[PDB]
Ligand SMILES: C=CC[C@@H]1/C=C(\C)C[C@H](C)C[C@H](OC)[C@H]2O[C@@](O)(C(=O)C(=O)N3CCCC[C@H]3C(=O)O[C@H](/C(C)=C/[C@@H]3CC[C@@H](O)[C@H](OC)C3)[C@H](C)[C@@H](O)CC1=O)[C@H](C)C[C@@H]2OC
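Quick heads-up: it's one chain on its own, the form deposited without ligand FK5, in structure tokens.
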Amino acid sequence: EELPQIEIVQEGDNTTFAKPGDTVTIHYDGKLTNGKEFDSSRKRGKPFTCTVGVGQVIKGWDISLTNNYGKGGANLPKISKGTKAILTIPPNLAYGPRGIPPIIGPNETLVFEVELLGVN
């Protein structure tokens, strides 16, 4: 099972964790491995809210924000409310070998700075 790479930059409360079916609100910054930004919540002017664990977003996000749907994984730290983290998402947990040209090319690894602002 391919897992995303998660780096905890600032710990949250360590008690509030999203489960599949929960709604979360996050600040995020999405960049390519070359440093070029392709999307961010700042660009929207509002934090992004979505239901996690249901394929509403890229798998790497679902996996990261639900701790692999509750079953965890090796080197897969949990993201609690208030956690600032860096998510490195391999192509297949993102937009894959096709990608979504010209927004994101084929076989792209995505690097996300995210902060979990709220759960439900």
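The numbering used is simple: start at 1 and walk along the sequence shown.
Omitted here: the form deposited with ligand FK5 bound. The next part is about that form.
Peer 1: Could you tell me which one of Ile86, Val57, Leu32, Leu76 places a heavy atom within 4.5 Å of ligand FK5 in the deposited complex?
Peer 2: Looking at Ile86, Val57, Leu32, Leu76 one by one, just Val57 meets the 4.5 Å heavy-atom criterion.
Peer 1: Can any non-hydrogen atom of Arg44 be found within 4.5 angstroms of ligand FK5 in the deposited complex?
Peer 2: Contact with ligand FK5, yes.
Peer 1: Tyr69: heavy atom within 4.5 Å of ligand FK5 in the deposited complex?
Peer 2: Residue-level check for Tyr69: no, no contact with ligand FK5.
Peer 1: Given that the partner is absent here, does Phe17 sit within 4.5 Å of ligand FK5 in the deposited complex, heavy atoms only?
Peer 2: Close contact is absent here: in the deposited complex, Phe17 is far from ligand FK5, nothing within 4.5 Å, heavy atoms only.
Peer 1: With heavy atoms only and a cut-off of 4.5 Å, decide whether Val24 touches ligand FK5 in the deposited complex.
Peer 2: Judged by the heavy-atom cut-off of 4.5 Å, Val24 is well away from ligand FK5 in the deposited complex.
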